[PDB]
Amino acid sequence: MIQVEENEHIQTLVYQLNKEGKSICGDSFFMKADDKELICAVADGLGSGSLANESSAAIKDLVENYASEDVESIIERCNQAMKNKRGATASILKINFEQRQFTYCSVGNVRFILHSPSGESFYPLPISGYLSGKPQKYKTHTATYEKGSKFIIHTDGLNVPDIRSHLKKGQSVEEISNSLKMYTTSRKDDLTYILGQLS
Ligand SMILES: [Co+2]
């Protein structure tokens, strides 16, 4: 499935498809943008069946409900919610449009890449482990982005040799999404990604 949204400050696209033959998706996402800010999150539950979904879905719900909190506060609520559950890998991103500032916090193998028109990228390494309900030492990144920056957040079901190149070349989130098409046809795992193009 594909969901697109747009306002004066951002255009986004969410894509999600299940593993081939698999009824219950283990990945979840949440995204909301208004005229002032964006919140979004992508998670991949551990385990399988309903139990993977229960973990990543809990993240989706908490991010929606606590969207006004800082990313580190939100991700700690998610961690707490994992206590008697499978757990999940997850990434949370907030953007304030007027300041062109983003904040980001993640644990596990959900990746985030932000490409700037100047040619610099923010492309953090994955933090080992996952959100299990045990204590974590979070790393929050805060940075300014330039107009024209394009980003993706994706689960491990998307495996792309040179993700930066697709962000650089694409001139719209629809084009980038189309640019990634060959990596979505196998469906070896659930595949979720959120793309954004920032004004
Ligand atoms: Co996965």
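In this chain, residues are counted from 1 in sequence order. Values below: every heavy atom of this structure, side chains too, minus hydrogens, waters and symmetry copies. Both ligands and their constituent atoms are indexed starting at 1 by order of listing.
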Between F29 and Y193, is the ring centroid distance below 6.0 Å? no

Mind jotting down which residue pairs meet the side-chain hydrogen bond (donor to acceptor under 3.5 Å, both in side chains) criterion with at least one end in residues 161-172? Sequence neighbours excluded, please. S121-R164, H166-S179

Everything protein-side that's N, O or S and under 2.8 Å from the Co ion (ligand 1): list it, residue and atom. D44 OD2, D156 OD1, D189 OD2

Is there any side-chain hydrogen bond (donor to acceptor under 3.5 Å, both in side chains) pair reaching into residues 148-157, and which pairs are they, with sequence neighbours excluded? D27-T155, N109-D156

Between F102 and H141, is the ring centre distance below 6.0 Å? yes

From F151 CZ over to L114 CG, what is the distance, rounded to the nearest 0.5 angstrom? 7.0 Å

For residues 60-76, the side-chain hydrogen bond (donor to acceptor under 3.5 Å, both in side chains) pairs (sequence neighbours left out) are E69-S73, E69-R77, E72-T140, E76-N79, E76-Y138

